[PDB]
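One chain comes next, on its own, written as structure tokens: the form deposited in one PDB entry.
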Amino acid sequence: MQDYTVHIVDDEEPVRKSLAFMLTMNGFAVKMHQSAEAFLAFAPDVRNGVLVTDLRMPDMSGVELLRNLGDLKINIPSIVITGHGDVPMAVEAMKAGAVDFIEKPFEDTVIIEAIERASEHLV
């Protein structure tokens, strides 16, 4: 079995805990990052990790984080959680290289399947 870690970067405190705790209960290794900046600083140290973003403040959406990761010359399979009915965010996430986007609200089974799909991109 592959020992990978799901790295959750969520701006809204409560939502971050909700997703992380839910993944934790399903047996995933999970690490919560307090901010996009914190994750970027940690990114070069990531081995066998999948990234899940739920960034709402347009100051650094998941798309900008993906772009910044690209500049660091680091690739991490990423799922970008997008706003309910937000078409541009989803389109931009896929254009930026996300393995998939997930529009909110989502079922736990759906985000879990996306994360497993993204983990398949790890060597």
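Numbers for residues come from their place in the sequence shown, where the first is 1. For the two forms, the rigid core is made up of the largest set of C-alpha atoms that agree within 1.5 Å on superposition. Only residues modelled in both forms are compared.
Once the C-alpha B-factors are averaged per stretch, 100 to 108 and 10 to 18 rank with 10 to 18 first. Relative to one another, 82 to 90 and 54 to 62 have unequal mean CA B-factors, and 54 to 62 is the one with the higher figure. Of the candidates 49, 27, 44, 70, it is 70 whose Cα B-factor is highest according to the PDB record. In the PDB entry, residue 32 places in the lowest third of its chain by CA B-factor.
There is also a form deposited in another entry; it is not shown, and the following applies to it.
Shift analysis on the rigid core between the shown form and the other one singles out 89 from 89, 36, 79, 69 (C-alpha displacement of 2 Å or more).
Shown in the overlay between the shown form and the other one, fitted on the rigid core, is a CA shift at residue 27 smaller than 2 Å. With the core held fixed, residue 59 shows a CA shift of 2 Å or greater between the shown form and the other one. In comparison with the shown form, the Cα-Cα distance of residue 107 and residue 84 increases by at least 3 angstroms in that other deposited form. At a threshold of 2 Å in C-alpha displacement, with the core superposed and only residues shared by both forms counted, the segments of at least 3 consecutive residues that shift between the shown form and the other one are, in sequence order, 57 to 59, 82 to 89.
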